[PDB]
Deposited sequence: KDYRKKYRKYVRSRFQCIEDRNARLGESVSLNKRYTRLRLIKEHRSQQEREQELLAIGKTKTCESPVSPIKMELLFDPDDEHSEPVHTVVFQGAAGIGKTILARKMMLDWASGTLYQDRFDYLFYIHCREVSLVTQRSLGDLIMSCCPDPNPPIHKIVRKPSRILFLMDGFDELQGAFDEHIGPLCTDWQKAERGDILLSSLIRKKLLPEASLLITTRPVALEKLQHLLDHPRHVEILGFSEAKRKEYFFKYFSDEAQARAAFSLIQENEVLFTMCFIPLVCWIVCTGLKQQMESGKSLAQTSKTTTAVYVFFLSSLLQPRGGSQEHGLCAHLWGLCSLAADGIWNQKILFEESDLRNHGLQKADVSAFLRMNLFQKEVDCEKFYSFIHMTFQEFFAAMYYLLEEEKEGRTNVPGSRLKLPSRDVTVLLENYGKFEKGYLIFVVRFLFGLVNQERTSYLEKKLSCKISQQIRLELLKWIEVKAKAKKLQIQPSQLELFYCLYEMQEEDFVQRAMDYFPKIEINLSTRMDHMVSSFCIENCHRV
């Protein structure tokens, strides 16, 4: 078992940072709890899927579980190997074997894979970010592989592993956004489903106090945040807390008095961009658009140079908080920022037509284009800064009109998880505060049905309904 201890030590080394102290627990609701009882029966479950909103903390949950297992505190008598598969890195088109996939996660270049697969009952895989798989993923592609040694396409390998036909006795855990279940239904095998909820108000304050190392700064920041309620109730998503606290730190550097007027998600992201920030921006948005359309999330130095980085602007300027270097490869800190920049790509004047963008919306192959549409809804409103002089004005009109038409076609129907749901058609309107546009769009709802499960849910529904009287 010497290699077992070596792998545990290497994993401890990798997942030590994010640090452990920074972790703030999030809620969970099984049956959709005890973290050590997830894989026990109440026969035994072999697949458990964690569903949650983007930015809710799926990846950090996976990394914390990794660290806990490495420390020997969690599943200490259940699993012997805990292989972290980052779905962002895995490529569907490329031909690879499961042995090579396992080797890609090990410390040394000579893993006893043959020894490892002797006891598959003590092996668990962590497919973190299923919606992040790039390219087209056929639901019924085959034939499904059987043995790890053999090499097949990424699609076949991933699907066969998911269908519990490759290493049948191995345990699996996939962390997916709920939008992607439409394609994950056909593959799952008697799955268990768990949900990540968000940050409670008490845990919101806890995070705000752990962010800072001095009492005065944390107290002032919390006081400023609480005094406005929309941002505070939208702060149950940890990524919003991260953005707001990082911006607060940036403002606190200088003597300027703190301030946060952000009312919507688009406003939050725009405030972040302004706080942390021409030739620099157009390439920054072209990179995001190309990555979204061409199914590229990680970009090589050559790719960065192609768009306009000009051998610079990323060593210091953009990497400050936007980009992140991984393993030559520079990605975006969070996919939401990439989608924000892709949406901005449609609203810069020196810009592909939005009609083709909307035509393929909610598709798994194209990345579901969800945050892109929401962010271009938010960014186009005329009511909403040095940046507003940059985004194109005339084109807005055209896209505005097209958006309206989209609404007209998407309300004469019903949908629950196929993506343009009534609630999601409303979230998009909420991002566009303009009263006139919201009224005209709401004019296309002869009947309304909505399922409400959070407080932001209730706020958005109430805002849409208030203008929905139809006069």
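*Asks:* Since the structure holds only modelled residues, which stretches of the deposited sequence does it leave out?
*Replies:* Comparing the full sequence with the modelled residues, the uncovered ranges come out as 19-30, 45-69, 80-83, 319-329, 380-382, 406-421, 456.
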